[PDB]
Structures are given as C-alpha cells and as structure tokens.
Amino acid sequence: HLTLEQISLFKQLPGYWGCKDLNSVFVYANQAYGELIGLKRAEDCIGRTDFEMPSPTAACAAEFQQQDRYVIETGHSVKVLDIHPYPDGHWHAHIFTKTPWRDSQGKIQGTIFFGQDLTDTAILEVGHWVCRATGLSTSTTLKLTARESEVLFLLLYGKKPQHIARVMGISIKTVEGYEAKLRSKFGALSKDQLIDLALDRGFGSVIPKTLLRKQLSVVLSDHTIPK
Amino acid sequence: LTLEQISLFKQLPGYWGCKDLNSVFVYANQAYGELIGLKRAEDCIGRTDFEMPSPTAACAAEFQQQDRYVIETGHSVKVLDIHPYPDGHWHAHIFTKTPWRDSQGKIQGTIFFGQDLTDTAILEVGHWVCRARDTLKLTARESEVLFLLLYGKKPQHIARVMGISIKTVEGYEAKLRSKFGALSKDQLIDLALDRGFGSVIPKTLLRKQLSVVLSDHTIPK
Ligand SMILES: Cc1cnc(O)c(C)n1
Ligand SMILES: Cc1cnc(O)c(C)n1
C-alpha cells in the first residue's frame, strides 16, 4: 500500500493527465487538467466524455476519440499536438502523450493521457546552422510566409497532404501549392528531399507562431533520438 | 486512492519519482526502477543517486546539485541527461525537476520526471539534433566544446565529458574564438547565441556522459 507521502506525489506530479475507459469516458483527471478544462473540481470530469466538458476543446472531441481508439486497437502510444482556446480565455498549446491503460491481466481497458505545456522555449525562431558530415556550418534566403511555415512544420512531423488540408482548413490542392513553393525555396527535387533539407537546418525545432492560434489536434510522428 | 487510481499511478508514462531534501529517494515508478537496474522499484527507496546499480551514479553529485538548486530557488529546471545504463545501452532523456511540497506548502524535496529523448521531447525544449570561404564551419569536437561552454561547463568539466585534457579544451576554446571573431569567452557565447547556436545539440554528445541544465523557469505563485 502507498503511504500518504507517496500519494502526495500522485497529487503533485506535474502535467495535465488522467485516464478514460474504452468509450473515452473519463475515469480520472488530475487537478491541473480539471482546472485547465474549466472545472472547479476535477472529480466533475468522471463519467463525462470529451464532448461534455465546458470547454472549446470539446469542438475537437471526435479527433480526441479517434486518437484514443487508435491507441486501444493497436496498442501503440501516440504524441498529439493540441492547440485550443480554453475557458480561461487564453490559447494553450500542449503535447499530449496517449498510451494504453491496462488491467491487472494486461488487457487494454482504456487510455492514459498525459499533457505538457509548450512554452516559449519551444517557439524560438529558426537559426542559420546546417548539418554537415561532421559538425555544423553557418553563413557570413529561406524566408517563409505564414502558411508556408505551417505546411512545412506538419510535413516534417510525418503528415500527408490530406491530413494537412484538414488541419489547416484548406483544400488538398492548396496544400500542394504550398508544398511546391517550399520545394522551390529549398531547391528540393522531391518531397522527401525537402524534408531532409529542412531537418538539416533546424526547421523541426520550431512551431510556427501562427499555428498557436489555430485550433487543432494532430498526431505527430515521433522517433527516438538517435535513430 | 481507488483501485483505478492506483492502476493509473502505476502506468503513467515517463521515468519519475521524488526525493527528500537530501535527495534520498522516497518513490520511483516502475519504469524508472527498470531503467536504473532495480526491477523491484521499491528498492530505490532510501537510496541516493550514489547508490543506484547504474553507471549514472558517476554523475550523482551533479544530480544533487540540480536538486539543491530546485530546493533553494523554487524553480523548475529541465536537464539533458545522457548516460550509459545497466542494460548496456546509452539513453538520452530530458529530466524535469520540480519542488515537492508538504501539506503546508513548504518545500520538502524534489519531483523528477524523465522523458526519452524523442523528436517531440526535443521540440518541447526548443532544440534539434542532426541525424546522419564566407561560411563558418565547426568540427565535431569544436561544436561539443561550444555547446558545453554555452551552458556553463568549466574547462575541467568539459575535459571530463569529452575524456580529454584541459589543455586540449583550451585549444578548442581558442579556435572557436577566432572563427567567431570573439576576444573573450563571454563574447564567444554572446556571438554564438546571436547566430542561433542555442538550439543545437551536437549529435556526437549522444554517446558521452553528461547532465546539463538546459533551462530554469519560475513557477508562478
Ligand atoms: C485537451 C485534450 C486533448 N485531447 C484529449 O484527449 C484530452 C482528454 N484533452
Ligand atoms: C537518470 C537520472 C538523472 N537525474 C536524476 O536526478 C535522476 C533521479 N535520474
């Protein structure tokens, strides 16, 4: 059995986290998540779905549940970029980790969600260094528009044009125009080479500022470093 | 706690736990125990970082210096940790360290929360790692020295990280100053930040043992 001292760690572990059952009905949410989602007491989440929270995040509950069902049906964990207006009147950005929740015999019985704030330390501007065979190099242009920057960021995290068009609220053909502009600016011969050239220049380290005021919930491809 | 809450607590992601004011472990989750070589995670309790069955203990003094800073300031810090582990492999993590408070709000220790270094974890700390004339060119070792200088490592600490002599580090330091046109270490760091080097983690550091604070943040009252 846990001591009260250890239970205080359960109460104080940072982040925004909880678990849901197989129908994405909340089973627990910590106090930080409850306050973020507009509730006075986080216990008031229990028995509700994402559609039923007093929060604009509920506009994206279908996407949350599609992510949950993917975790449940494959057993894979995902990382989700979540950008929403919240009942406190501010836009927030988080990465939510979603993993299977298992019972005592190892069977999947729901999902665990674990969110961390994206701070200004993650919204830097792109530098001017380039990966080399050894070390790095810099000069002494790749100036991108807002839409171009948003398309590039999503491409670098594994998103297809159909995903990007749905995230940005534009047509697939419009995304292809931005892809072509990006390929020209980077001098890339292919979409795959565009990704390589952009990654070697630090474009993966920067969330475009205009993305921080677009409501979205999108799984980001995630791989260990190094690999 | 209810049965569901205990189950959730045992399965929350990450590598985490808490330590008292002397950095003696009070709790570690199953993932941290397994990572550190203690499959029965309760075996962590009552030990310090010096007493774990892991090559990480070579950096226990640095872990405790970080803990004391969190305890004395109330700030949170994010730490880049790269260590060999008892499974025989190098692992890189971001460890976030936060004050642990008692029922009356007094700091009683630290909470540590580690995440595997992945694409999204490094995005969260605003850095990036490389995968596989008028131009300024850094070599692998120059970039290692510049990175460690950027985050406050002494030449002797840099020598220990890179396994080289302190005279060799001073040679790299002098080469960096000429390429950047700096006349001192402070001008060098200032010029490297202006060109955006503050977001780089040299890829060769992923197989060198280090524990480096990347950021320190005020927690709002
Ligand atoms: C804000 C948010 C986004 N995705 C989720 O799954 C939850 C529970 N909350
Ligand atoms: C691996 C590691 C690094 N820093 C720490 O403080 C702990 C507890 N573990």
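Per chain, numbering begins at 1; letters A, B, ... match sequence-line order. One-based numbering, in listed order, for ligands and for the atoms of each. All heavy atoms count here, side chains included; hydrogens, waters and symmetry mates do not.
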Compare every heavy atom of B/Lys153 with every heavy atom of B/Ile158, then report the nearest pair and how far apart it is. CD1-O, 3.5 Å
Partner set under disulfide (SG to SG under 2.5 Å) for B/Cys130, not counting sequence neighbours: A/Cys131
So which pairs with a foot in residues 197-221 of chain B pass ring pair (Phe, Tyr, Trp, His ring centres under 6.0 Å), sequence neighbours left out? A/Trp129-B/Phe197
Exercise answer, ligand 1 polar atom pairs (N/O) under 3.5 angstrom:
unit_1, atom_1, unit_2, atom_2, d
ligand 1, 6 (O), A/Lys20, NZ, 2.9
ligand 1, 6 (O), A/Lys98, NZ, 2.7
ligand 1, 9 (N), A/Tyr33, OH, 2.7

May I ask you to decide if B/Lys19's main-chain N or O and B/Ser23's side chain share a donor-acceptor pair within less than 3.5 Å? no
Kindly assign one of parallel, tilted or perpendicular to the pair B/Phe147 and B/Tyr151, based on the angle between their ring planes and the thresholds 30° and 60°. tilted
List the residues meeting salt bridge (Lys or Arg N to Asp or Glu O under 4.0 Å) with A/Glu35, not counting sequence neighbours, and say none if there are none. none
